[PDB]
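In: No sequence on hand, only this structure:
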C-alpha cells in the first residue's frame, strides 16, 4: 500500500496533506480499513487539519 | 505594494495595442464565501468574465509560496495575445510565488505553461507524479518585466 | 505596520474588518500579543521584527 503526498500550510497556517496518489495494492489487504489506519497515522504525524486529493 | 490597478494598467497597454475599446477590470476575491481558494477575474464593461485563474496560495516545508491552480481560462475568443501570461506575471509578483502547480494536466494547461516558459515566466515546467504540472518561476525574468520603464513589458505585450 | 495593510485592503476595495481609526485606537492600548492576535483575525499579518532593530548593547 502507499500514499504519495506533500504536507503544506495554507494562509491561516493550517497543515494540509496534498495527496497525489493512494493505493491498496494487495487484493488480500482490501476491504479491511488498511488505508483508514494509514490516514489516522498521517493525520496524527503531521497534525493535519485537512487532506486534499488532487485527482478525483 | 502590488495593487490590482497594476494589472489594469498592463491590460490598458494591451487593449491599446490590440485596438480593443472595452475597459478591462481586475477582480481578486475568494472563489466563494469564506474560502481560502481565490479567483482572479478579468471583467469587461458589461461585467462579463473574459478570463480567470482559480488558485490557492500555499507554503511548502521550506516556507516557499506556491500557487495551486485549480483552473485557468481565456473565455473571450482575447486569445493568442498573451493575456494569461500577463495575469500570471501579476499573480507571481502579488504573492511572491516560487512556483505554480496545476492540478489537472489539461491540454490547455500544458499549452499555457509551455507558452509562458517561452515568455520566460518559468525556468522549468514538468508533469510530475500525480499528473500535476510544476512550473518554477524565473525570478530574474520577472524582475526584468517589472522594471518601472516598462520596456521589456511593452515588448512582451506588443510582440 | 498593520494600519498600512488595512489601508491597502481599503484602497483595493476589500471589505473592512475594522476602520483605520478603530485599529489605531485598539493598537494604542494593546500589548504586542493582543495586537498580533487581533491583526490575525482581520487577516493582516505584516512582517515586523523589533529584535532586528536592537542596538549593539
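Out: Thanks, I have the structure now. Residues are numbered from 1 along each chain as shown, chains lettered A, B, ... in the order given.
In: touching chain C at all, stretch B:60-68?
Out: No - Stretch B:60-68 lies out of reach of chain C by CB under 8 Å from any CB of the partner chain, never closer than 12.4 Å. Where C-beta positions appear, they are placed from N, C-alpha and C, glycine not excepted.
In: Near chain B, which residues of chain C are found?
Out: Chain C comes close to chain B at residues C:8, C:11, C:12, as judged by CB under 8 Å from any CB.
In: Please, where are all the strands along the chain?
Out: Chain wasn't specified; assuming chain A. Assigned by DSSP state E, the strands in chain A fall at A:2-9, A:15-23, A:50-53.
In: Chain C, not that one
Out: Using DSSP E, strands in chain C do not occur.
In: still on that earlier bit, which of the strands of chain A sits closest to chain B?
Out: In terms of CB to the nearest CB, the element of these nearest to chain B is strand A:15-23, at 2.8 Å.
In: what's stretch C:47-57 in contact with?
Out: With contact meaning CB atoms under 8 Å, 6 or more residues apart in numbering or on different chains, stretch C:47-57 is reached by residue C:1.
In: Going by neighbour count, list what's buried in it.
Out: Residues of stretch C:47-57 classed as buried: none (neighbour count, 16 or more other CB atoms under 10 Å in any protein chain shown).
In: That stretch: end-to-end distance?
Out: Stretch C:47-57 has an end-to-end distance of 24 Å (criterion: CA to CA, to the nearest Å).
In: Same question for stretch B:17-31.
Out: Stretch B:17-31 has its terminal residues 31 Å apart, counting by CA to CA.
In: Check the offset of it from the chain's centre.
Out: Distance of stretch B:17-31 from the chain centroid (CA atoms, centre = their mean, to the nearest Å) equals 13 Å.
In: quick revisit: so which of the residues of chain C next to chain B sit within helices?
Out: Under the assignment DSSP state H, the residues of chain C next to chain B contribute C:8, C:11 to helices.
In: Residue B:76: what's its closest spatial neighbour, skipping adjacent residues?
Out: residue B:50 (4.3 Å; CB to CB, 6 or more residues apart in numbering or on different chains).
In: quick one: the helices in chain C?
Out: Along chain C, counting by DSSP H, helices occupy C:2-11, C:20-28, C:32-41.
In: Grab the most central residue of chain A for me.
Out: For chain A, residue A:39 is the residue whose C-alpha lies nearest the centre (CA atoms, centre = their mean; 4.9 Å).
In: List the contacts of that residue.
Out: By CB under 8 Å, 6+ apart, the residues touching residue A:39 are A:3, A:51.
In: Name the surrounding residues that touch the host helix or strand of residue B:141.
Out: In this structure, residue B:141 sits in helix B:139-145 according to DSSP states H and E. The contact list for helix B:139-145 (CB under 8 Å, 6+ apart) reads B:89, B:92, B:93, B:120, B:121, B:152, B:153, B:156.
In: Show me what from chain A comes close to chain C.
Out: Within chain A, the positions near chain C by CB under 8 Å from any CB are residue A:11.
In: returning to what we had before: kindly write the PyMOL command that selects the buried subset of the contacts of helix B:139-145.
Out: Buried residues among the contacts of helix B:139-145 (16+ other CB under 10 Å), as a PyMOL selection:
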select buried, chain B and resi 89+92+93+120+121+153+156
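In: now, among the contacts of helix B:139-145, which is nearest to chain C?
Out: Minimum separation from chain C among the contacts of helix B:139-145 (CB to the nearest CB) is found for residue B:93, which lies at 14.7 Å.
In: need the next SSE after the helix or strand hosting the closest one, C-terminal direction.
Out: Applying DSSP H and E as the criterion places residue B:93 in helix B:83-95. Using DSSP H and E, the helix or strand that follows helix B:83-95 in sequence is strand B:99-102.
In: How about that following strand and chain A, touching?
Out: No - applying CB under 8 Å from any CB, one finds strand B:99-102 out of contact with chain A, separated by at least 8.8 Å.
In: Could you list the paired strands of that strand along with their orientation?
Out: Sheet pairing here is set by DSSP bridges, and for strand B:99-102 it gives strand B:65-74 (parallel), strand B:132-137 (antiparallel).
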